[PDB]
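Both backbone and side-chain heavy atoms feed into the values below; hydrogens, waters and symmetry mates do not. Residue numbers count from 1 along this sequence. Counting starts at 1 for both ligands and their atoms, following the listed order.
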Amino acid sequence: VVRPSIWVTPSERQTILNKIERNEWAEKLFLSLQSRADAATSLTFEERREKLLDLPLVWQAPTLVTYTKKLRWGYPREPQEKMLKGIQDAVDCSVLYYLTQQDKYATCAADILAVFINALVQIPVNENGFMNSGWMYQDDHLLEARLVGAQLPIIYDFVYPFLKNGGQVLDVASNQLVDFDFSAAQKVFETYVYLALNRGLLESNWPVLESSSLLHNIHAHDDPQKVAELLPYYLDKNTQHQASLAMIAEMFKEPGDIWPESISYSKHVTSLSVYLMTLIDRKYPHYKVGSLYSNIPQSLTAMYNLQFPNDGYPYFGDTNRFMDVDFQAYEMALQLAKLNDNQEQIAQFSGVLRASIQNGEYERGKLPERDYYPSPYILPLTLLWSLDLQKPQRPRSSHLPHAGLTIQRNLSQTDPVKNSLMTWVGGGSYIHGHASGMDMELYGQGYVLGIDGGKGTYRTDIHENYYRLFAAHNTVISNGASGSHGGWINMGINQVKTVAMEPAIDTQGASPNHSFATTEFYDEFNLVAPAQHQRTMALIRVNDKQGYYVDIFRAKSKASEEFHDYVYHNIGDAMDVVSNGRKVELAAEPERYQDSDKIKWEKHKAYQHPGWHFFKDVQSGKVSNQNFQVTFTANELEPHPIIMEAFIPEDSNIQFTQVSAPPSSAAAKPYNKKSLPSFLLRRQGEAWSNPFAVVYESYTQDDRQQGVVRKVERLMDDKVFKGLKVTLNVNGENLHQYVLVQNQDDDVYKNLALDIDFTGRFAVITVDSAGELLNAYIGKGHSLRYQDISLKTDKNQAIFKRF
Ligand SMILES: [Ca+2]
Ligand SMILES: [Ca+2]
Ligand SMILES: [Fe+3]
Ligand SMILES: [Mg+2]
Ligand SMILES: [Mn+2]
């Protein structure tokens, strides 16, 4: 084997040198990396030994500190940071040696490597049979593979030319120059390969986390026949303790799929897989894993298309709202796409990179500081690999199957951050998922306002018995008892399924100002009686600055008695409620939700569904057929207050309750530490023929118009709900939108007073104050008649007409 071979080859060196000559960003990375290498080099022979005595030596060669069971990852912080400083110094110097061929760098790097190799071969491998037993980390191979195993073979691959041609290392014990122990290094590389294949979980992200150690140590074997004999155990052969790439790709079956957890956990699997795939296709041009498994790099775009207009992510499960763009993953996915002749990916990835350089989000010449995070050290590849390069729009609807998730977005032409509309609805069974039911979030005014209830500290009472349960989510609880079962630690719920939607995925709508999606969810694991749930949400844009959401939620239990609760949470520090325009009299009801506290919590096993005993400041009205208007006010996000209005129509036959929910981590700072204003609408009996209905609209209190929605009323056909009448006021003028909503694709609606006929599921009619038809939208339907006008639907059962 000619070396280096793993990250780079000798024949690539001038190409890299030329990129530094011709590109400012590359020279700046080179100079920063060189400044780190230089700090580790030594001027004198005594300083050479000093650097090795900085390592966590145990005193013929010394060993290193071993880790069993001021603390980091659960082990003494102090030796680990000495170790990691050493290892990463050595990688940086070994890259500077490749680039400059100055021996001062090779000697620094190989001295450190020699200390690791000579120490490890004296330490017994842990044969207590525990599946995550390691070597230096007697009880954590997973950690060791990320911190140590992946890095030693790289150093070796860069310093090999120096050592094979008579270079020597400083034997720290004797203070003598001595030959590198190549036989001992082979045994280290053999042992980390064995460990990756015979330690760890097989069905998990663990094999991916272990794959840099596996693939690097395979290629540091001195026999090319053995290298090729071992390579299949990354590419496509599994063991009891290791998934191959081919098996990992089964979790990216369809374009648009991602590693099936929450976004924050899912992102790491894409980062690492893209690195490993690029390594393979750089070195072995015939495998073309970037084509065979192009859904893996595609997960970058899949995640991009989930984002809100303010770059935040849907907060489903144990996740975060904001996560830095993974520019290193884009740099390598762009190289992978070039190697594999994938033009759509070339365009997208270079489009994200170019846009982020243009707007100053990505400083391509800035070398990140070492975080000493537990992941393979690949910082130098910024320079060594990234291509000389000489924003993509998100679709109106997106779907993510594993999370049962559907996005509707309607972007403004002007101030998109403030004025765009976006919702997602979802729910399903996956690791780091919640018993969310069929839940949702609502965007407005630069922020996610209708928010998921957040996450707690793992394994705590409030995390398992509130944050992960239904009452923490914008959904319906049925029979006071909606819950979960099986799957991941009894968190399992059924998938949310799409019934209909328009525009369909990755298409343009019939109408630029209208969309809807109807989804359904079986609340099978209810402690009292299963319930069927169905939800219709629509995004109605009135103009480039104003728009609103319609939320219709049906629930029906398989039982002769039932009740249902509709739950909404919204960021704020103030919440006000009126009914028929007047202040509501709410009575304190501190015990309302306390019966679920009688359920016995068994950690990791049984939970106090639905979690609402954790609400505070509980205050309830009477059963009412009056309307309600809730005003949420957030005073601490922007200089002017940000308002969400919720219009609950008359004849909803609900009891209104206001609560303060536990603080939510999905809320923008400083509200992540503040109580979360919330309401519940309780219906006695079924909630299907006359379902929950709410209209949401946001605005910023400097806004000229404030909100355009002024009234919301039910369209009722003999106790059966058929939609809503929304009264708008736009630049002083009154308009009416009739939002027609039926439960069957062939249902026929006749409203004699309005002179309307509609056959279909979802439509929206817009008329002026005199009743003139301005435009009509059929999202899913056959026929519409308003007065003397009649419309028919094209393909897809949708149409839009202006008059
Ligand atoms: Ca493994
Ligand atoms: Ca519905
Ligand atoms: Fe936000
Ligand atoms: Mg009341
Ligand atoms: Mn949640």
Side-chain angles (χ1 to χ4, degrees), residues 131-134 140-142 144-146 149 192-215 217 233-234 238-244 247-248 262-264 307-323 403 405 417-418 422 424 426-428 430 432-456 463-464 466-475 484 491 493 567 569-571 610-611 634 637-638 642 661-662 664-672 676 698:
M131 59 98 185
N132 191 38
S133 276
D140 200 342
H141 167 253
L142 185 63
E144 185 175 349
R146 291 176 285 159
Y192 279 123
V193 166
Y194 159 94
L195 287 173
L197 298 182
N198 298 280
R199 304 288 192 278
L201 300 166
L202 156 81
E203 302 140 57
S204 222
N205 78 348
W206 284 38
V208 178
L209 292 184
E210 294 166 33
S211 287
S212 290
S213 189
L214 172 56
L215 206 57
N217 280 288
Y233 285 91
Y234 172 69
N238 319 300
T239 82
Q240 263 168 303
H241 297 266
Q242 186 68 11
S244 68
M247 160 174 189
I248 290 298
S262 69
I263 289 173
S264 62
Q307 286 176 278
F308 282 103
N310 68 351
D311 293 328
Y313 289 88
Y315 206 105
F316 59 90
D318 304 317
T319 191
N320 299 304
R321 182 69 74 193
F322 296 102
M323 268 160 315
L405 183 143
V417 175
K418 166 181 192 313
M422 187 170 143
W424 68 265
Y430 50 91
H432 288 300
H434 293 163
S436 68
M438 199 175 35
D439 78 328
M440 68 75 171
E441 290 192 304
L442 295 179
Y443 185 86
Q445 311 305 306
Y447 294 89
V448 189
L449 307 177
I451 59 168
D452 164 273
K455 80 205 165 168
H463 181 70
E464 304 205 332
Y466 169 70
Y467 282 109
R468 297 205 304 209
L469 306 190
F470 268 65
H473 300 85
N474 298 321
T475 187
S484 54
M491 276 335 274
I493 63 179
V567 192
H569 317 81
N570 195 288
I571 190 163
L637 293 173
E638 299 289 338
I642 289 173
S664 164
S665 56
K669 276 177 156 80
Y671 293 94
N672 58 317
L676 174 58
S698 71

Practice task
Using modelled atom types only, decide if a donor and an acceptor are shared between the side chain of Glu441 and the backbone of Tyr315 within a distance under 3.5 Å.
Solution key: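 Present.
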Handout entry: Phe316 backbone acceptor or donor facing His473 side chain under 3.5 Å
Key =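 Not a single qualifying donor-acceptor pair exists.
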Practice task
Provide the atom name of the closest N, O or S atom of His241 relative to the Ca ion (ligand 1).
Solution key: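 In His241, the heteroatom (N, O or S) nearest the Ca ion (ligand 1) is O.
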Practice task
With rounding to the nearest 0.5 Å, note down the distance linking NE2 in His141 to OG in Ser133.
Solution key: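 It is 10.5 Å, given to the nearest 0.5 Å.
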Practice task
Quick one: pull up CD1 in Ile642 and OH in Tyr447 and give me the separation to the nearest 0.5 Å.
Solution key: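 Going from the CD1 atom of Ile642 to the OH atom of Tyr447 covers 5.5 Å.
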Handout entry: pair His241-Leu197: side-chain heavy atoms closer than 4.5 Å
Key =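 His241 vs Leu197: side chains apart.
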Practice task
For the residue pair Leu469 and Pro610, establish whether any side-chain heavy-atom pair is separated by less than 4.5 Å.
Solution key: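 They are not in side-chain contact.
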N, O or S from [X] under 3.0 Å to the Ca ion (ligand 1):
X	result
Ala196	yes
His141	no
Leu214	no

Exercise for the section: Rounded to the nearest 10 degrees, what's the angle OE1 of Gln242 makes with OE1 of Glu210 at the Ca ion (ligand 1)? Could you check? Expected result: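 The two atoms subtend 90° at the Ca ion (ligand 1).
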Exercise for the section: Evaluate side chain to side chain contact (heavy atoms under 4.5 Å, CB included) for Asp318 paired with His434, printing each intermediate quantity in order. Expected result: CA-CA 8 Å; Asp318 304 317; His434 293 163; 2.8 Å; yes
Exercise for the section: Report the protein N/O/S neighbours of the Mn ion (ligand 5) that fall below 2.8 Å; do not count waters. Expected result: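 Counting only protein N, O or S atoms under 2.8 Å from the Mn ion (ligand 5), the list reads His434 ND1, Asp452 OD2, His473 NE2.
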Exercise for the section: Grab the two heavy atoms, one from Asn238 and one from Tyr233, that are nearest each other, plus how far apart they are. Expected result: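 Closest heavy-atom pair between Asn238 and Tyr233: O-CE2, 4.2 Å.
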